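> Residues 0 to 63, 73 to 169 in the authors' numbering are what the sequence shown lists, from first letter to last. Note that CB positions come from ideal geometry on N, CA and C, so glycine has one too. Right, I'll just put the structure down here and ask away after.
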Amino acid sequence: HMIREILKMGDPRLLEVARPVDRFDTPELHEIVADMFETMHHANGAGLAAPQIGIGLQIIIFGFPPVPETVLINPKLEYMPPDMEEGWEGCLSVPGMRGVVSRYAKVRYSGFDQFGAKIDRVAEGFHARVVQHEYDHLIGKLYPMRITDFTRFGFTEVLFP
Ligand SMILES: CCCCC[C@H](CC(=O)NO)C(=O)N[C@H](C(=O)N1CCC[C@H]1CO)C(C)C
Ligand SMILES: [Fe+2]
């Protein structure tokens, strides 16, 4: 549909807590989802959250072990301790950088698609990492807030030439 501007870290809209979607299968919600996919694809992103395009709603999309192409609305996550994994992340809202972030190796997630149909899955590894990363956007968190080792945070061009 249309490519929307991705907000950058420092924008206070990225720090807010997103509100739930109350009505499903509306033209307005279908446009949002279409806008998010075009904006995501345009950036070669593996996920996107509505607050990143300035829409303060609990909507995430992802899909790039194939990660299934998914619209997840009003997500509920369950973290599965104690197995954590470190890995490199970047964010379309933190352009130019990468940092190592510890994530749960496995999570459960549920919610609804844009039609209101239920979604309910257990995810592992990169799939689970993407879901955690996008969920964080809905609660005001960007991945530098999760970093504990800032010697492993820097510019992509320097870390991975
Ligand atoms: C990895 C967990 C985060 C996934 C989502 C982000 C996109 C984003 O900002 N979503 O909110 C992404 O695709 N990031 C990519 C990313 O971090 N990648 C791409 C695959 C490997 C990894 C970098 O090591 C690039 C495009 C910056
Ligand atoms: Fe992000």
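Determine the burial state of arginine 18: buried for a count of at least 16 other Cβ atoms within 10 Å of its Cβ, exposed for fewer.
So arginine 18 ends up on the exposed side.
> Taking the DSSP output, what are the residues bridged to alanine 131?
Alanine 131 is bridged to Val115.
> Is DSSP giving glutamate 94 helix, strand or coil here?
If DSSP states are grouped into helix, strand and coil, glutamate 94 belongs with the strands.
> Could you compute how far the alpha carbon of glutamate 93 sits from the alpha carbon of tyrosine 151?
If I take the Cα positions, the gap works out to 14 Å.
> Under the DSSP definition of a beta bridge, which residues are partnered with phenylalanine 61?
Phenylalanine 61 pairs with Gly46 and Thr78.
> Need the endpoints of the beta strand (DSSP E) that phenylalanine 161 sits in, please.
Run containing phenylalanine 161: 161-163, per the beta strand (DSSP E) assignment.
> How would you label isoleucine 2, buried or exposed, when you count the other beta carbons within 10 angstroms and need 16 or more for buried?
That one is exposed.
> Can you say whether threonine 78 is buried or exposed, counting buried as having 16 or more other CB atoms within 10 angstroms of its CB?
Classification of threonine 78: buried, given that the 10 Å Cβ count is 16 or more.
> Can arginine 106 and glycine 98 be called in contact, C-beta distance under 9 Å?
Yes, they are a contact pair.
> Using a Cβ-Cβ cut-off of 6 Å (strictly less than) and excluding sequence neighbours within five positions of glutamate 37, which residues of its own chain qualify?
Once the five neighbours on either side are set aside, the close Cβ partners of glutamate 37 are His0 and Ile2.
> Quick check: does the Cβ of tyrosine 112 come within less than 8 Å of any heavy atom belonging to ligand 2?
No, the beta carbon of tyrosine 112 sits no closer than 8 Å to any heavy atom of ligand 2.
> Three-state secondary structure (DSSP) at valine 108?
Residue state, collapsed to three classes: strand.
> Looking only at its chain, what residues have a beta carbon closer than 7 Å to the beta carbon of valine 166, apart from the 5 residues adjacent to it on each side?
Cβ neighbours of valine 166 beyond the five flanking positions: none.
> So what does DSSP say about residue 70, is it helix, strand or coil?
Residue 70 cannot be placed in this structure, since the chain goes from 63 to 73 without the numbers between.
> Could you check whether the Cβ of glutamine 51 sits closer than 8 Å to any heavy atom belonging to ligand 2?
Correct: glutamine 51 has its Cβ closer than 8 Å to ligand 2.
> I need the straight-line Cα distance from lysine 114 to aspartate 91, nearest angstrom please.
Roughly 8 Å separates the two Cα atoms.
> With DSSP as the reference, identify every bridge partner of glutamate 86, one or two as the case may be.
Answer is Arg116, bridged to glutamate 86.
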